[PDB]
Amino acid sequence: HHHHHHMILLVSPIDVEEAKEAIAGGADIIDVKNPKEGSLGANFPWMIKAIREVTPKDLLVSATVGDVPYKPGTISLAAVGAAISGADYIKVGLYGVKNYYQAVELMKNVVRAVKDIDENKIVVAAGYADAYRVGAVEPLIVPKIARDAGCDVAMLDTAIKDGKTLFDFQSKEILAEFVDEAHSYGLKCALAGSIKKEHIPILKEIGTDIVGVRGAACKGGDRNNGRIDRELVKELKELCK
């Protein structure tokens, strides 16, 4: 069935000034990532810390640990590093994990590492809508991975940043089934992947909980001319109402 519930806005800045613009426009979650290391590339402990310091205590600070290989120990340590640096919401890009079992094994360890620091901290299992292009775990099993590993959020994003969006890799129907499945497990659902303002009603209709933006919040959109503008964030925030 159709939905018309509020969606939380997650904005991905690369520095402190970008984050201040995201905060001023009304973003709910300030996401610390590093596109240079991939789709969900990890930033540095000092950048997470600087962004936490600047971000009001009522907003969440999010941090990616990377487009991860199947290395549970390394990724559990990296999640501790992100949590200790001030992240409340930790994203794991399920890139090098090839199946359900490898993904659940890695995620169970990240959940333990994070919840041992603070039980209130959020663990996000992120899959790639275009996983076939990088050989990543099937995006369609991400709600079951999140469910079985004890995560809080089932998420999708795009691995290759070539201008192709979430909607170029997954149908509205399959995305609706992904959202419903995550919800039936008691999980929240976050969607990203070069999301444009025109995609927001489609995402609201299918009952997405969280929407992630970078390009749509940038004045140019592209890596060269694009800088996060508060007015663009305000526009997005209004479409999420």
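Counting begins at 1, following the sequence as shown.
For this session: Quick one: say whether 212-220 or 180-188 has the higher mean Cα B-factor in the deposited entry.
Result: Looking at the recorded C-alpha B-factors, 212-220 comes out higher on average.
For this session: Determine, for stretches 65-73 and 45-53, which one has the higher mean CA B-factor as deposited.
Result: So the stretch with the higher mean C-alpha B-factor is 45-53.
For this session: Select one of 78, 126, 160, 84: the residue whose C-alpha shows the highest B-factor in the crystal structure entry.
Result: That would be 84, according to the entry.
For this session: Can you work out whether the C-alpha temperature factor of residue 40 puts it in the lowest, middle or highest third of the chain?
Result: Lowest third, going by the recorded CA B-factors of the chain.
Problem set entry | Chain-wide C-alpha B factor ranking for residue 142, given as lowest, middle or highest third | It falls in the bottom third of the chain.
Exercise. Considering only modelled residues of the same chain, in which third does the CA B-factor of residue 114 rank: lowest, middle or highest?
Worked result: Within its chain, residue 114 is a middle-third residue by C-alpha B-factor, going by the deposited values.
Exercise. Compared with the other modelled residues in the chain, in which third is the CA B-factor of residue 201?
Worked result: For residue 201, whose C-alpha B-factor we compare with every modelled residue in the chain, the answer is the highest third.
Exercise. According to the PDB entry, is the CA B factor of residue 120 in the bottom, middle or top third of its chain, that is, lowest, middle or highest?
Worked result: It belongs to the highest third of the chain when residues are ordered by C-alpha B-factor.
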